[PDB]
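Peer 1: just need the structure, nothing else, for what follows:
(chains A and B)
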Amino acid sequence: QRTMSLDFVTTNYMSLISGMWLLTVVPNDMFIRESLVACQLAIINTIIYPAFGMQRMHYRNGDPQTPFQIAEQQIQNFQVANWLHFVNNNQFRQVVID
Amino acid sequence: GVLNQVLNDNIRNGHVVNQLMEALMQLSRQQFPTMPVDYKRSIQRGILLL
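Peer 2: Numbering: from 1, shown residues only, chains lettered A, B, ... in the order given. Below is the structure in question.
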């Protein structure tokens, strides 16, 4: 239960696509909030929102809503708004075993 | 016969910094709503060192 910190460059369009697999498997409670957000916003402003032609989001520093939790409401597709619902609600399930 | 400026009783027995603790502990739970996140946890942990 360390908290990982993502390290990347914005100008690599493949490292941001491979980050889409990372946030959808590892729950976002582990990635640190100052660096989960800067990766979760970089997928929005580069890959998701130019694909639909929408305006790239003004995401101010320190908004309480992470930019996948604010882009499942602003997007109007159904299949990329079903993956953005899983990433927004991917959590560990604290059960006691043995 | 000597006037001397004396403190009150709640500082002389130290009981007031218990009230500062509860003022400072709830200051470290409140989400700083527009503050950047790496400046929020550096100012909440800096409170918990006191």
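
Peer 1: near chain A, which residues of chain B are found?
Peer 2: Proximity of chain B to chain A (Cβ under 8 Å from any Cβ of the partner chain) is limited to residues B:31, B:32, B:33, B:34, B:35, B:36, B:37, B:38, B:40. C-beta coordinates here come from the backbone N, C-alpha and C atoms, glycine included.

Peer 1: run the last query once more with 7 Å
Peer 2: B:33, B:34, B:35, B:36, B:37, B:38 (Cβ under 7 Å from any Cβ of the partner chain).

Peer 1: isn't the second one up against residue A:62?
Peer 2: Yes. The pair residue B:34 and residue A:62 passes the contact test of Cβ atoms under 7 Å, sitting 5.2 Å apart.

Peer 1: tell me which of those two has more neighbours.
Peer 2: Per other Cβ atoms under 10 Å in any protein chain shown, whichever of residue B:34 and residue A:62 has more neighbours is residue A:62, with 18 against 11.

Peer 1: show the contacting residues for that one.
Peer 2: By Cβ atoms under 7 Å, 6 or more residues apart in numbering or on different chains, residue A:62 lies in contact with B:34, B:35, B:36, B:37.

Peer 1: would you reformat those as CSV and include secondary structure?
Peer 2: Output for those, formatted as CSV (DSSP: H, G, I helix; E, B strand; the rest coil):
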residue, secondary structure
B:34, coil
B:35, coil
B:36, coil
B:37, helix
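
Peer 1: by neighbours, which of the residues you listed wins?
Peer 2: Going by other Cβ under 10 Å, residue B:37 tops the contacts of residue A:62 with 18 neighbours.

Peer 1: state the number of residues packed around residue A:67.
Peer 2: When neighbours are counted by other Cβ under 10 Å, residue A:67 registers 23.
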